[PDB]
Amino acid sequence: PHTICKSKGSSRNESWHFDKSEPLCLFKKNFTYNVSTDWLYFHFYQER
Amino acid sequence: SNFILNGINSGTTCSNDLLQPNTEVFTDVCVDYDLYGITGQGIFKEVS
Amino acid sequence: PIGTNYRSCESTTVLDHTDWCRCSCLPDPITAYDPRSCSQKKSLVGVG
Amino acid sequence: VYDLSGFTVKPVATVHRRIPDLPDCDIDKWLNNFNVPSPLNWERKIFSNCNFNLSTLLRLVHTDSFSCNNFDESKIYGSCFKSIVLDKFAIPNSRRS
Ligand SMILES: *[C@@H]1O[C@H](CO)[C@@H](O)[C@H](O)[C@H]1NC(C)=O
Ligand SMILES: *[C@@H]1O[C@H](CO)[C@@H](O)[C@H](O)[C@H]1NC(C)=O
């Protein structure tokens, strides 16, 4: 799997999943971030 | 229009009609609230 | 029988017909399209 | 002097709040599009993993008639589906039947 770069283009097409129709999703949401920033931070974890 | 219902009584495309209406936040009275996954009892007063 | 209500049904104008009829407990009480209107209610056996 | 058992005022009403998690289906925003197709070029949209209210949808589309085959409108309320496939077009009046 891999992603492509929409701004400068790419030699390959984007393909990380091959679902012809949308699969089951328990969560779907879009968030916004300041594009002028130099760094982004993320926390991912599990419990029970 | 034609509504085709795939995978009935399963998945995540749900209806919120039989989900309790948000109603009104009653103030100055005791209520058995369930706010954002946590339950309790209390009295609500509006503030800025 | 005396003292009993007949099978609940309704007439609706469909297929350009004036007396197309619909009824409760369809297709059958197990796979009922809605247990709310069906007079036969699902019930687990109690002790004894 | 006896301090009796502490009683509690019973709650009167209930209040519930939860983020809807999944996005709204916005079925009305696709059915109310003014650029409607003909039956020759019928459009299709699949509503998967989203929340909807048919009680409000019918008011927002101004429904003329609604019926179900192999299902009932009453069970759409509170039910979950893998995906809802929706197909639409304008009706040529002489072909309504
Ligand atoms: C999130 O953003 C992408 C790119 O703008 C868009 O294709 C996608 O439909 C959006 N999804 C949601 C849930 O808004
Ligand atoms: C966006 O990021 C840049 C660089 O960190 C900063 O100068 C700018 O003030 C930020 N703007 C907003 C609206 O946060």
# chains A, B, ... in the order shown; residues from 1 in each chain; ligands from 1
call {"tool": "residues_near_ligand", "arguments": {"ligand": "ligand 1", "cutoff": "8 Å", "atoms": "only C-alpha atoms and all ligand atoms", "output": "MDAnalysis selection string"}}
result
(chainID A and resid 28:30) or (chainID D and resid 22:23)
call {"tool": "write_last_selection", "arguments": {"atoms": "N, CA, C and O atoms", "output": "PDB file, in the first residue's frame"}}
result
ATOM      1  N   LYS A  28     -15.973   7.957  10.995  1.00  0.00           N
ATOM      2  CA  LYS A  28     -15.608   8.770   9.827  1.00  0.00           C
ATOM      3  C   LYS A  28     -15.705  10.249  10.191  1.00  0.00           C
ATOM      4  O   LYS A  28     -16.796  10.710  10.517  1.00  0.00           O
ATOM      5  N   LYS A  29     -14.616  11.013  10.108  1.00  0.00           N
ATOM      6  CA  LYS A  29     -14.641  12.463  10.380  1.00  0.00           C
ATOM      7  C   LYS A  29     -13.408  13.161   9.807  1.00  0.00           C
ATOM      8  O   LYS A  29     -12.325  12.582   9.748  1.00  0.00           O
ATOM      9  N   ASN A  30     -13.594  14.410   9.396  1.00  0.00           N
ATOM     10  CA  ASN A  30     -12.554  15.278   8.858  1.00  0.00           C
ATOM     11  C   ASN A  30     -12.283  16.419   9.845  1.00  0.00           C
ATOM     12  O   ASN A  30     -13.203  17.054  10.354  1.00  0.00           O
TER      13      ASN A  30
ATOM     14  N   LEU D  22     -20.578   9.260  13.394  1.00  0.00           N
ATOM     15  CA  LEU D  22     -20.669   9.179  11.940  1.00  0.00           C
ATOM     16  C   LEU D  22     -21.264  10.482  11.378  1.00  0.00           C
ATOM     17  O   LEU D  22     -22.051  11.149  12.055  1.00  0.00           O
ATOM     18  N   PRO D  23     -20.919  10.869  10.141  1.00  0.00           N
ATOM     19  CA  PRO D  23     -21.434  12.088   9.539  1.00  0.00           C
ATOM     20  C   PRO D  23     -22.906  11.922   9.144  1.00  0.00           C
ATOM     21  O   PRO D  23     -23.410  10.805   9.009  1.00  0.00           O
TER      22      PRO D  23
END
call {"tool": "closest_atom_pairs", "arguments": {"of": "chain D", "to": "region 1-15 of chain B", "cutoff": "8 Å", "atoms": "only C-alpha atoms", "output": "CSV"}}
result
residue,atom,partner,partner_atom,distance
D:47,CA,B:13,CA,7.1
D:48,CA,B:13,CA,5.4
D:49,CA,B:13,CA,4.5
D:50,CA,B:13,CA,4.8
D:51,CA,B:14,CA,5.2
D:52,CA,B:15,CA,5.0
D:53,CA,B:15,CA,5.5
D:54,CA,B:15,CA,7.5
D:76,CA,B:15,CA,7.0
D:77,CA,B:15,CA,5.7
D:78,CA,B:15,CA,4.6
D:79,CA,B:14,CA,5.5
D:80,CA,B:14,CA,3.9
D:81,CA,B:8,CA,4.7
D:82,CA,B:11,CA,4.3
D:83,CA,B:6,CA,5.3
D:84,CA,B:5,CA,4.9
D:85,CA,B:4,CA,4.9
D:86,CA,B:3,CA,5.0
D:87,CA,B:2,CA,5.2
D:88,CA,B:1,CA,4.3
D:89,CA,B:1,CA,6.7
call {"tool": "atom_distance", "arguments": {"atom1": "CA of residue 33 (chain B)", "atom2": "CA of residue 26 (chain D)"}}
result
29.2 Å
call {"tool": "residues_near_ligand", "arguments": {"ligand": "ligand 2", "cutoff": "12 Å", "atoms": "only C-alpha atoms and all ligand atoms", "output": "PyMOL selection string"}}
result
chain A and resi 32-40
call {"tool": "atom_distance", "arguments": {"atom1": "CA of residue 69 (chain D)", "atom2": "CA of residue 14 (chain C)"}}
result
12.1 Å
call {"tool": "residues_around", "arguments": {"residues": "region 34-39 of chain B", "least_positions_apart": "5", "cutoff": "9 Å", "atoms": "only C-alpha atoms", "output": "list in words"}}
result
residues 14, 15, 16, 17, 18 and 19 of chain D
